[PDB]
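Participant: quick check, what structure comes out for this input:
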Amino acid sequence: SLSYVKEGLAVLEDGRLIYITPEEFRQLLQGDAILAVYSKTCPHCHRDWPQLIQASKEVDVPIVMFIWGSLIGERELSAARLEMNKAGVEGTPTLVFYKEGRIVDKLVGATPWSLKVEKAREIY
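Facilitator: Numbers count the residues shown, from 1 in each chain. Below, you will see the structure:
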């Protein structure tokens with residue numbers, strides 16, 4: 001359950017979380033990557049979670065995660081907060097698409113993983 005996921009910054013790789021630093025988070029966002037803006041207290045993120053996990057097993061581009069929860073670190077938070085601003089994020093979940101480090105699309109709300117995979121193919 002998303003409720004038992006440790007909050008922080010991570011990369012979701014073939015369905016597995018690898019926790020990262022704010023530095024690596026920023027680094028990954030200069031290239032091709034999908035940023036997932038998530039929250040553990042969000043019922044929509046709970047619905048979407050299984051779908052997002054599956055998507056990570058169908059695409060090659062890194063899915064970078066921000067997962068909000070109470071014990072998130074100050075710097076982890078600011079790093080994510082910056083990108084959430086620049087992308088114009090207004091709720092969760094939201095996927096933000098980075099190409100060569102530029103924000104070029106968003107997918108808002110819970111969706112089946114098929115729809116996430118289509119958007120990735122369209123863009124990468």
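Participant: any idea how many residues pack against residue 114?
Facilitator: The burial count assigned to residue 114 is 12, neighbours taken as other Cβ atoms under 10 Å. No exception for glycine: its C-beta is placed from N, CA and C like everyone else's.
Participant: next up, phi/psi of it, please.
Facilitator: Per-residue torsions, residue 114: phi -50, psi -40 (degrees, to the nearest 10).
Participant: now it: how far from residue 121?
Facilitator: To residue 121, residue 114 is 11 Å away according to Cβ to Cβ, to the nearest Å.
Participant: for residue 9, same thing?
Facilitator: From residue 9 over to residue 121 (counting by Cβ to Cβ), the distance is 26 Å.
Participant: for residue 116, which non-adjacent residue is closest in space?
Facilitator: Nearest residue to residue 116, sequence neighbours excluded (Cβ to Cβ, 6 or more residues apart in numbering): residue 55, at 4.1 Å.
Participant: list the contacts of the one you found.
Facilitator: By Cβ atoms under 8 Å, 6 or more residues apart in numbering, the contact list for residue 55 reads 63, 113, 116-117, 120.
Participant: host element of it?
Facilitator: helix 43-56 (DSSP states H and E).
Participant: cool, residue 37 as well?
Facilitator: strand 33-39.
Participant: sounds good, over and out.
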